[PDB]
$ cat coords_21.tsv   # TSV, C-alpha atoms
chain	number	residue	atom	x	y	z
K	31	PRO	CA	174.14	64.91	207.15
K	32	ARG	CA	170.99	66.62	205.66
K	33	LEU	CA	168.24	67.48	208.24
K	34	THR	CA	170.17	69.90	210.53
K	35	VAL	CA	171.71	71.91	207.60
K	36	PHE	CA	168.33	73.21	206.39
K	37	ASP	CA	167.84	74.47	209.90
K	38	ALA	CA	171.23	76.23	209.67
K	39	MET	CA	170.37	77.94	206.34
K	40	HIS	CA	167.06	79.22	207.66
K	41	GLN	CA	168.47	80.88	210.82
K	42	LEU	CA	171.45	82.09	208.81
K	43	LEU	CA	169.13	83.56	206.13
K	44	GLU	CA	167.14	85.65	208.64
K	45	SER	CA	170.15	88.01	209.12
K	46	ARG	CA	171.85	87.83	205.69
K	47	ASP	CA	170.98	87.97	202.03
K	48	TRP	CA	171.21	84.88	199.90
K	49	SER	CA	174.53	86.38	198.74
K	50	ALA	CA	175.83	86.77	202.32
K	51	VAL	CA	175.56	82.96	202.65
K	52	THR	CA	178.45	80.78	201.49
K	53	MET	CA	179.33	77.10	202.07
K	54	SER	CA	181.77	78.04	204.79
K	55	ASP	CA	179.21	79.78	207.04
K	56	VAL	CA	176.57	77.08	206.45
K	57	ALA	CA	178.94	74.28	207.54
K	58	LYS	CA	179.99	76.21	210.67
K	59	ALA	CA	176.39	76.89	211.70
K	60	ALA	CA	175.30	73.35	210.89
K	61	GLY	CA	178.10	71.77	212.92
K	62	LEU	CA	179.50	69.96	209.89
K	63	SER	CA	182.78	69.92	208.03
K	64	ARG	CA	183.25	71.92	204.83
K	65	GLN	CA	184.17	68.50	203.41
K	66	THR	CA	180.82	66.86	204.31
K	67	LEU	CA	178.91	69.87	202.86
K	68	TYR	CA	180.65	70.06	199.48
K	69	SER	CA	180.58	66.28	199.28
K	70	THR	CA	176.79	65.89	199.81
K	71	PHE	CA	175.39	69.18	198.35
K	72	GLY	CA	177.94	70.44	195.78
K	73	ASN	CA	177.36	74.14	195.21
K	74	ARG	CA	175.19	76.92	196.53
K	75	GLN	CA	172.83	75.80	193.75
K	76	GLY	CA	172.71	72.22	195.10
K	77	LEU	CA	172.23	73.67	198.61
K	78	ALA	CA	169.22	75.82	197.70
K	79	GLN	CA	167.79	72.87	195.79
K	80	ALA	CA	167.89	70.69	198.90
K	81	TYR	CA	166.20	73.53	200.81
K	82	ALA	CA	163.46	73.71	198.13
K	83	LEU	CA	162.91	69.96	198.23
K	84	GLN	CA	162.53	70.29	202.02
K	85	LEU	CA	160.06	73.17	201.61
K	86	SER	CA	158.22	71.17	198.97
K	87	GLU	CA	157.94	68.29	201.42
K	88	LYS	CA	156.95	70.42	204.43
K	89	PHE	CA	154.22	72.33	202.55
K	90	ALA	CA	152.60	69.22	201.08
K	91	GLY	CA	152.71	67.80	204.60
K	92	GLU	CA	150.84	70.81	205.99
K	93	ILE	CA	147.99	69.89	203.66
K	94	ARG	CA	148.32	66.15	204.44
K	95	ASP	CA	148.16	66.74	208.20
K	96	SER	CA	144.96	68.78	207.90
K	97	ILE	CA	143.44	65.98	205.82
K	98	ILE	CA	144.22	63.42	208.54
K	99	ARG	CA	143.16	65.79	211.35
K	100	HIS	CA	139.67	66.27	209.82
K	101	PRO	CA	138.04	63.00	208.65
K	102	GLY	CA	134.73	63.58	206.92
K	103	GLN	CA	135.29	67.39	206.61
K	104	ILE	CA	136.81	68.07	203.16
K	105	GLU	CA	136.22	71.81	203.04
K	106	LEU	CA	137.54	72.25	206.57
K	107	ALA	CA	140.53	69.97	205.93
K	108	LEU	CA	141.52	72.00	202.86
K	109	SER	CA	140.79	75.39	204.39
K	110	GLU	CA	143.10	74.60	207.29
K	111	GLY	CA	145.77	72.95	205.10
K	112	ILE	CA	145.91	75.75	202.53
K	113	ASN	CA	146.11	78.46	205.23
K	114	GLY	CA	148.97	76.55	206.86
K	115	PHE	CA	150.97	76.37	203.64
K	116	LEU	CA	150.39	80.07	202.87
K	117	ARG	CA	151.47	80.89	206.43
K	118	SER	CA	154.71	78.81	206.24
K	119	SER	CA	155.45	80.07	202.70
K	120	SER	CA	155.36	83.62	204.04
K	121	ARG	CA	157.62	83.01	207.03
K	122	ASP	CA	160.27	81.25	204.94
K	123	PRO	CA	163.39	83.41	204.45
K	124	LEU	CA	164.42	81.88	201.12
K	125	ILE	CA	160.82	82.34	199.77
K	126	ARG	CA	160.76	85.81	201.34
K	127	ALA	CA	164.20	86.32	199.73
K	128	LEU	CA	163.16	85.33	196.16
K	129	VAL	CA	160.25	87.88	196.11
K	130	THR	CA	162.64	90.82	196.99
K	131	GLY	CA	166.03	90.08	195.33
K	135	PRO	CA	168.30	85.60	192.70
K	136	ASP	CA	168.29	83.98	189.22
K	137	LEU	CA	169.33	80.58	190.62
K	138	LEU	CA	166.17	80.57	192.76
K	139	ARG	CA	163.79	81.16	189.82
K	140	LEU	CA	165.46	78.27	188.01
K	141	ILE	CA	164.17	75.91	190.78
K	142	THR	CA	160.69	77.45	191.10
K	143	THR	CA	159.99	77.13	187.33
K	144	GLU	CA	162.48	74.55	185.93
K	145	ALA	CA	162.30	72.09	188.82
K	146	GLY	CA	159.70	69.35	188.75
K	147	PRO	CA	161.55	67.51	191.57
K	148	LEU	CA	159.67	70.00	193.73
K	149	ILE	CA	156.31	69.08	192.18
K	150	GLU	CA	157.37	65.42	192.28
K	151	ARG	CA	158.17	65.43	196.01
K	152	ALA	CA	155.03	67.40	196.86
K	153	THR	CA	152.96	64.94	194.76
K	154	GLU	CA	154.59	62.05	196.63
K	155	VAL	CA	153.37	63.41	199.97
K	156	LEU	CA	149.96	64.46	198.67
K	157	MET	CA	148.87	61.31	196.77
K	158	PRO	CA	148.89	59.02	199.87
K	159	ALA	CA	147.06	61.68	201.90
K	160	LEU	CA	144.37	61.36	199.26
K	161	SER	CA	144.24	57.70	198.35
K	162	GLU	CA	145.32	55.89	201.56
K	163	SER	CA	143.85	58.45	203.91
K	164	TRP	CA	140.15	58.35	204.82
K	165	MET	CA	139.31	59.80	201.42
K	166	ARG	CA	140.05	56.46	199.79
K	167	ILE	CA	140.40	58.12	196.39
K	168	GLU	CA	141.63	56.00	193.48
K	169	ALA	CA	145.38	56.29	192.80
K	170	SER	CA	145.01	57.84	189.33
K	171	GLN	CA	142.73	60.65	190.51
K	172	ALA	CA	144.90	61.18	193.56
K	173	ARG	CA	147.90	61.66	191.20
K	174	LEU	CA	145.88	64.11	189.15
K	175	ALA	CA	144.63	66.25	192.03
K	176	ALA	CA	148.01	66.03	193.76
K	177	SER	CA	149.92	67.45	190.80
K	178	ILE	CA	147.31	70.20	190.29
K	179	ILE	CA	147.41	71.13	194.03
K	180	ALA	CA	151.24	71.17	193.89
K	181	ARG	CA	151.45	73.44	190.82
K	182	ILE	CA	148.92	75.94	192.28
K	183	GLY	CA	150.91	75.95	195.51
K	184	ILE	CA	154.07	76.87	193.65
K	185	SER	CA	152.12	79.58	191.83
K	186	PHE	CA	151.41	81.32	195.16
K	187	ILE	CA	155.03	81.19	196.30
K	188	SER	CA	156.28	82.58	192.95
K	189	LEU	CA	153.76	85.38	192.94
K	190	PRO	CA	152.18	85.61	196.44
K	191	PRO	CA	148.42	86.27	196.74
K	192	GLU	CA	147.50	89.90	197.43
K	193	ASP	CA	144.58	88.56	199.49
K	194	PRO	CA	146.47	86.40	202.03
K	195	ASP	CA	143.72	84.05	203.17
K	196	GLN	CA	140.81	84.97	200.92
K	197	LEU	CA	142.96	83.01	198.49
K	198	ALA	CA	142.87	80.08	200.91
K	199	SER	CA	139.09	80.37	201.27
K	200	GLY	CA	138.69	80.68	197.49
K	201	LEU	CA	140.94	77.77	196.40
K	202	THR	CA	139.21	75.48	198.93
K	203	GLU	CA	135.94	76.26	197.21
K	204	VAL	CA	137.35	75.26	193.77
K	205	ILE	CA	139.04	71.96	194.72
K	206	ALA	CA	136.48	70.68	197.26
K	207	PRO	CA	133.76	70.04	194.60
K	208	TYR	CA	136.25	67.77	192.83
K	209	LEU	CA	137.24	65.84	195.96
K	210	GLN	CA	133.62	65.40	197.06
K	211	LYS	CA	132.93	63.89	193.64
K	212	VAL	CA	135.85	61.36	193.84
K	213	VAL	CA	135.60	60.50	197.58
K	214	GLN	CA	134.92	56.92	198.70
C	26	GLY	CA	138.96	94.66	163.53
C	27	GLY	CA	142.43	95.79	162.45
C	28	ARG	CA	146.08	95.38	163.40
C	29	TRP	CA	147.46	98.91	162.48
C	30	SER	CA	147.85	99.86	166.14
C	31	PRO	CA	151.33	100.67	167.44
C	32	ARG	CA	151.35	97.74	169.81
C	33	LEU	CA	149.69	95.17	167.51
C	34	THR	CA	152.12	95.76	164.58
C	35	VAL	CA	155.11	95.28	166.91
C	36	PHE	CA	153.80	91.95	168.16
C	37	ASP	CA	153.26	90.65	164.64
C	38	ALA	CA	156.78	91.82	163.81
C	39	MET	CA	158.19	90.11	166.90
C	40	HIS	CA	156.34	86.89	166.30
C	41	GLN	CA	157.53	86.52	162.67
C	42	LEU	CA	161.03	87.53	163.77
C	43	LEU	CA	161.02	84.94	166.56
C	44	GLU	CA	160.25	82.08	164.16
C	45	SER	CA	163.84	82.27	162.87
C	46	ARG	CA	165.83	83.88	165.74
C	47	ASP	CA	166.26	83.47	169.47
C	48	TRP	CA	164.99	86.07	171.85
C	49	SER	CA	168.64	86.87	172.58
C	50	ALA	CA	169.71	87.36	168.95
C	51	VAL	CA	166.85	89.89	168.60
C	52	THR	CA	167.36	93.51	169.58
C	53	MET	CA	165.20	96.68	169.58
C	54	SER	CA	166.86	97.75	166.31
C	55	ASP	CA	165.63	94.57	164.58
C	56	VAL	CA	162.11	94.92	166.02
C	57	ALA	CA	161.88	98.54	164.89
C	58	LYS	CA	162.98	97.48	161.36
C	59	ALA	CA	160.43	94.66	161.07
C	60	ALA	CA	157.57	96.71	162.49
C	61	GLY	CA	158.38	99.67	160.28
C	62	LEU	CA	158.55	101.90	163.34
C	63	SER	CA	161.33	104.11	164.58
C	64	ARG	CA	163.78	103.13	167.31
C	65	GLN	CA	162.37	106.30	168.89
C	66	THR	CA	158.74	105.11	168.83
C	67	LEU	CA	159.75	101.71	170.20
C	68	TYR	CA	161.40	103.05	173.35
C	69	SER	CA	158.64	105.69	173.43
C	70	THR	CA	155.81	103.15	173.91
C	71	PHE	CA	157.73	100.15	175.39
C	72	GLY	CA	160.73	101.22	177.48
C	73	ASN	CA	163.36	98.54	176.65
C	74	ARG	CA	163.68	94.83	175.84
C	75	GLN	CA	161.83	94.09	179.07
C	76	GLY	CA	158.87	96.25	178.02
C	77	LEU	CA	158.99	94.47	174.64
C	78	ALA	CA	158.84	90.90	176.01
C	79	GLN	CA	156.42	92.07	178.69
C	80	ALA	CA	153.86	93.48	176.24
C	81	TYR	CA	154.37	90.39	174.02
C	82	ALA	CA	153.52	88.31	177.10
C	83	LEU	CA	150.42	90.44	177.70
C	84	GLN	CA	149.38	89.59	174.14
C	85	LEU	CA	150.05	85.89	174.71
C	86	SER	CA	148.10	86.06	177.96
C	87	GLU	CA	145.05	87.54	176.21
C	88	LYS	CA	145.39	85.17	173.27
C	89	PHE	CA	145.54	82.06	175.50
C	90	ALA	CA	142.62	83.20	177.67
C	91	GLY	CA	140.67	83.83	174.45
C	92	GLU	CA	141.09	80.17	173.43
C	93	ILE	CA	139.34	79.08	176.60
C	94	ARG	CA	136.63	81.74	176.33
C	95	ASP	CA	135.96	80.87	172.66
C	96	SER	CA	135.48	77.22	173.58
C	97	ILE	CA	133.14	78.27	176.39
C	98	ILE	CA	131.06	80.35	173.98
C	99	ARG	CA	131.20	77.69	171.25
C	100	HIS	CA	129.70	74.91	173.48
C	101	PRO	CA	126.75	76.22	175.58
C	102	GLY	CA	125.41	73.76	178.10
C	103	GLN	CA	128.52	71.50	177.74
C	104	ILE	CA	130.80	72.47	180.66
C	105	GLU	CA	133.19	69.52	180.23
C	106	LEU	CA	133.41	69.81	176.47
C	107	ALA	CA	134.09	73.56	176.65
C	108	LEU	CA	136.90	73.12	179.21
C	109	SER	CA	138.34	70.08	177.40
C	110	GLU	CA	138.45	71.94	174.10
C	111	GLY	CA	139.58	75.25	175.58
C	112	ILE	CA	142.52	73.82	177.50
C	113	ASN	CA	143.57	71.65	174.56
C	114	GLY	CA	143.48	74.66	172.25
C	115	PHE	CA	145.46	76.69	174.78
C	116	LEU	CA	148.10	73.97	175.09
C	117	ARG	CA	148.44	73.82	171.31
C	118	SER	CA	149.00	77.61	171.05
C	119	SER	CA	151.42	77.60	173.97
C	120	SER	CA	153.46	75.01	172.10
C	121	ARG	CA	153.51	76.76	168.70
C	122	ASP	CA	154.53	80.10	170.24
C	123	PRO	CA	158.13	81.12	169.38
C	124	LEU	CA	158.80	83.09	172.60
C	125	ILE	CA	157.50	80.15	174.69
C	126	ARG	CA	159.68	77.73	172.76
C	127	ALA	CA	162.42	80.33	173.45
C	128	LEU	CA	161.90	80.08	177.25
C	129	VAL	CA	163.31	76.52	177.07
C	135	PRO	CA	166.67	83.67	180.18
C	136	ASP	CA	166.34	85.71	183.40
C	137	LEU	CA	163.91	88.36	182.12
C	138	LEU	CA	161.52	85.63	180.89
C	139	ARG	CA	161.45	84.03	184.36
C	140	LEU	CA	160.67	87.55	185.72
C	141	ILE	CA	157.47	87.80	183.66
C	142	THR	CA	156.30	84.20	184.16
C	143	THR	CA	156.86	84.30	187.96
C	144	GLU	CA	156.78	87.99	188.98
C	145	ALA	CA	154.09	89.12	186.56
C	146	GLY	CA	150.55	89.23	187.75
C	147	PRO	CA	149.84	91.71	184.96
C	148	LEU	CA	149.75	88.45	183.03
C	149	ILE	CA	147.31	86.80	185.44
C	150	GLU	CA	145.32	89.99	185.57
C	151	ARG	CA	144.86	90.21	181.78
C	152	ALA	CA	144.01	86.52	181.47
C	153	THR	CA	141.54	87.13	184.31
C	154	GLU	CA	139.98	90.08	182.49
C	155	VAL	CA	139.35	87.85	179.45
C	156	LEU	CA	138.30	84.80	181.49
C	157	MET	CA	135.91	86.48	183.87
C	158	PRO	CA	133.25	87.45	181.32
C	159	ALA	CA	133.73	84.04	179.68
C	160	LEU	CA	132.32	82.66	182.93
C	161	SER	CA	130.30	85.51	184.32
C	162	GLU	CA	128.61	86.97	181.25
C	163	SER	CA	128.45	83.85	179.07
C	164	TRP	CA	125.73	81.21	179.30
C	165	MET	CA	127.29	79.83	182.52
C	166	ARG	CA	125.95	82.90	184.29
C	167	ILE	CA	128.44	82.58	187.13
C	168	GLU	CA	128.45	85.39	189.73
C	169	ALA	CA	131.32	87.85	189.28
C	170	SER	CA	132.58	86.92	192.75
C	171	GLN	CA	133.14	83.25	191.90
C	172	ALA	CA	134.09	83.89	188.24
C	173	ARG	CA	136.96	86.15	189.28
C	174	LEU	CA	138.10	83.44	191.68
C	175	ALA	CA	138.01	80.57	189.22
C	176	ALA	CA	139.44	82.79	186.48
C	177	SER	CA	142.54	83.58	188.55
C	178	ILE	CA	143.08	79.86	189.38
C	179	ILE	CA	142.70	78.90	185.72
C	180	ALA	CA	145.14	81.67	184.79
C	181	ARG	CA	147.67	80.57	187.40
C	182	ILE	CA	147.44	76.87	186.46
C	183	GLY	CA	147.79	77.75	182.77
C	184	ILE	CA	150.90	79.86	183.39
C	185	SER	CA	152.28	76.90	185.37
C	186	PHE	CA	152.06	74.61	182.37
C	187	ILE	CA	154.26	77.03	180.41
C	188	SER	CA	156.95	77.46	183.09
C	189	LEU	CA	157.08	73.71	183.68
C	190	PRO	CA	155.57	71.99	180.60
C	191	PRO	CA	153.42	68.86	181.05
C	192	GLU	CA	154.92	65.39	180.70
C	193	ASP	CA	151.45	64.26	179.56
C	194	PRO	CA	150.43	66.12	176.41
C	195	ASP	CA	146.71	65.37	176.68
C	196	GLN	CA	146.44	63.46	179.95
C	197	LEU	CA	147.15	66.83	181.52
C	198	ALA	CA	144.35	68.65	179.68
C	199	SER	CA	141.60	66.07	180.28
C	200	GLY	CA	142.92	65.72	183.82
C	201	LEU	CA	142.59	69.40	184.70
C	202	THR	CA	139.11	69.39	183.09
C	203	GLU	CA	138.04	66.69	185.50
C	204	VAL	CA	139.30	68.78	188.43
C	205	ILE	CA	137.63	72.08	187.38
C	206	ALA	CA	134.33	70.86	185.84
C	207	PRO	CA	132.98	69.83	189.30
C	208	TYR	CA	133.51	73.47	190.50
C	209	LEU	CA	131.83	74.97	187.46
C	210	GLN	CA	128.88	72.55	187.68
C	211	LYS	CA	128.21	73.81	191.23
C	212	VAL	CA	127.97	77.46	190.09
C	213	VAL	CA	126.39	77.36	186.54
C	214	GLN	CA	122.99	78.60	187.94
$ encode --input "coords_21.tsv" --output "structure tokens"
Amino acid sequence: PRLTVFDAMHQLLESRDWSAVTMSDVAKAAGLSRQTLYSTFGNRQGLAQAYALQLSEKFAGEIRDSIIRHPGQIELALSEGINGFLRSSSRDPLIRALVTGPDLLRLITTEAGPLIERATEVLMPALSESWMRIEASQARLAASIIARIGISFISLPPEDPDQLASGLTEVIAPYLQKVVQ
Amino acid sequence: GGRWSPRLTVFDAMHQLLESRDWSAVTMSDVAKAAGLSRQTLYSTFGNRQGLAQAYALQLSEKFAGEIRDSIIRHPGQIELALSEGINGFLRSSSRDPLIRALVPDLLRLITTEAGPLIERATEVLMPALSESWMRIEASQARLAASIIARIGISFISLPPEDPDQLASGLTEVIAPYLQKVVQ
């Protein structure tokens, strides 16, 4: 039901605007019935919200993977993770859409905490049950702050593409080094 | 220090107006009446309703960044107390503001998502608060931290915090470690 449809919306969105995408076309490209789509996602609003939750999840994972990949190297783990998110966030057609224009999309990027909540759910374990062994409260704290900053750079992208990455590493690493165990 | 300027009298007018009306039941006509300016001078300096709410937001941006800077200046040598007080004071203002209340509105999402003139102003107030205050942070790093503080702060207006204070003291604990590394 879910995981192949996001794939369909991406490839569809590379050639069309967000207005040249309707439930019909998405079901055809996904290989699903118009019945299964409307039944599980509802509207174009509920569709784009599932896409955002998937983006939320993927981006937080980019950071989590870099954390696992680099034990003992906090600044290098972050630097790699933050560059990966900024890279994916650029290549995404719905995120590339929003910053060209989509009122429904701004609704989810400002009045959706399910996005922050999912991203926090991926981040927290990468902080507390990873090698960092950070206490669960401080992992929550840092995870929410990392999530909100991440959204801030998809809403308004950074003019400096990566000198943002290299800067934001430098701000958050001193915290993590202090709370690491 | 005086609020006779074209812009400053409009913002006062708008604020007082917004206490009792929504941003949608308020038009240029009304703002020109309350400011004591002509409909001609309004469009002449501001453009339209967008230019009105956008300059109001620039004033909010500066006002919020001032809260943080004032707490920095007020507590020299206390990095954690300055941040703790600054953020708390900012959150209080952001609550009591009528246009921010109003935002919970397509044009408002435009300024709070596609306005870096907001981040830029907040950054112009915040940078010296870090770079030319007692913290003596280099302009390179101050600009950096100032932008992140601006962007986080904006974020807590778009999506408000579930925790009223456990957000503020939380964000302090995240940012104080960075400042402590750079305070010379």
$ residues_around --input "coords_21.tsv" --residues "residue K:122" --least-positions-apart "3" --cutoff "9 Å" --atoms "only C-alpha atoms" --output "ChimeraX atom specification"
/K:40,44,85,117-119,125-127
$ residues_around --input "coords_21.tsv" --residues "stretch 88-91 of chain C" --least-positions-apart "3" --cutoff "12 Å" --atoms "only C-alpha atoms" --output "tab-separated table (two decimals) with C-alpha atoms, in the frame of the given file"
chain	number	residue	atom	x	y	z
C	36	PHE	CA	153.80	91.95	168.16
C	81	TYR	CA	154.37	90.39	174.02
C	82	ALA	CA	153.52	88.31	177.10
C	83	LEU	CA	150.42	90.44	177.70
C	84	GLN	CA	149.38	89.59	174.14
C	85	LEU	CA	150.05	85.89	174.71
C	94	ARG	CA	136.63	81.74	176.33
C	95	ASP	CA	135.96	80.87	172.66
C	96	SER	CA	135.48	77.22	173.58
C	97	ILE	CA	133.14	78.27	176.39
C	98	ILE	CA	131.06	80.35	173.98
C	99	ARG	CA	131.20	77.69	171.25
C	108	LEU	CA	136.90	73.12	179.21
C	111	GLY	CA	139.58	75.25	175.58
C	112	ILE	CA	142.52	73.82	177.50
C	113	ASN	CA	143.57	71.65	174.56
C	114	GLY	CA	143.48	74.66	172.25
C	115	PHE	CA	145.46	76.69	174.78
C	116	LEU	CA	148.10	73.97	175.09
C	117	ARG	CA	148.44	73.82	171.31
C	118	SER	CA	149.00	77.61	171.05
C	119	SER	CA	151.42	77.60	173.97
C	120	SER	CA	153.46	75.01	172.10
C	121	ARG	CA	153.51	76.76	168.70
C	122	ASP	CA	154.53	80.10	170.24
C	148	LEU	CA	149.75	88.45	183.03
C	149	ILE	CA	147.31	86.80	185.44
C	150	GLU	CA	145.32	89.99	185.57
C	151	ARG	CA	144.86	90.21	181.78
C	152	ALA	CA	144.01	86.52	181.47
C	153	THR	CA	141.54	87.13	184.31
C	154	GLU	CA	139.98	90.08	182.49
C	155	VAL	CA	139.35	87.85	179.45
C	156	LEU	CA	138.30	84.80	181.49
C	157	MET	CA	135.91	86.48	183.87
C	158	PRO	CA	133.25	87.45	181.32
C	159	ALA	CA	133.73	84.04	179.68
C	160	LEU	CA	132.32	82.66	182.93
C	176	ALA	CA	139.44	82.79	186.48
C	177	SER	CA	142.54	83.58	188.55
C	179	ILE	CA	142.70	78.90	185.72
C	180	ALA	CA	145.14	81.67	184.79
C	181	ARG	CA	147.67	80.57	187.40
C	182	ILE	CA	147.44	76.87	186.46
C	183	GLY	CA	147.79	77.75	182.77
C	184	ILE	CA	150.90	79.86	183.39
C	187	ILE	CA	154.26	77.03	180.41
$ atom_distance --input "coords_21.tsv" --atom1 "atom CA of residue K:159" --atom2 "atom CA of residue K:182"
17.3 Å
$ interface_residues --input "coords_21.tsv" --of "chain C" --to "chain K" --cutoff "6 Å" --atoms "all atoms listed in the file" --output "PyMOL selection string"
chain C and resi 143-144+188-189+204+207-208
$ atom_distance --input "coords_21.tsv" --atom1 "atom CA of residue K:100" --atom2 "atom CA of residue K:33"
28.6 Å
$ atom_distance --input "coords_21.tsv" --atom1 "atom CA of residue K:61" --atom2 "atom CA of residue K:36"
11.8 Å
$ residues_around --input "coords_21.tsv" --residues "stretch 69-82 of chain K" --least-positions-apart "2" --cutoff "7 Å" --atoms "all atoms listed in the file" --output "PyMOL selection string"
chain K and resi 36+53+65-67+84-86+137+141+148
$ closest_residue --input "coords_21.tsv" --among "K:154, K:160, K:96, K:198" --to "residue K:172" --atoms "all atoms listed in the file"
K:160
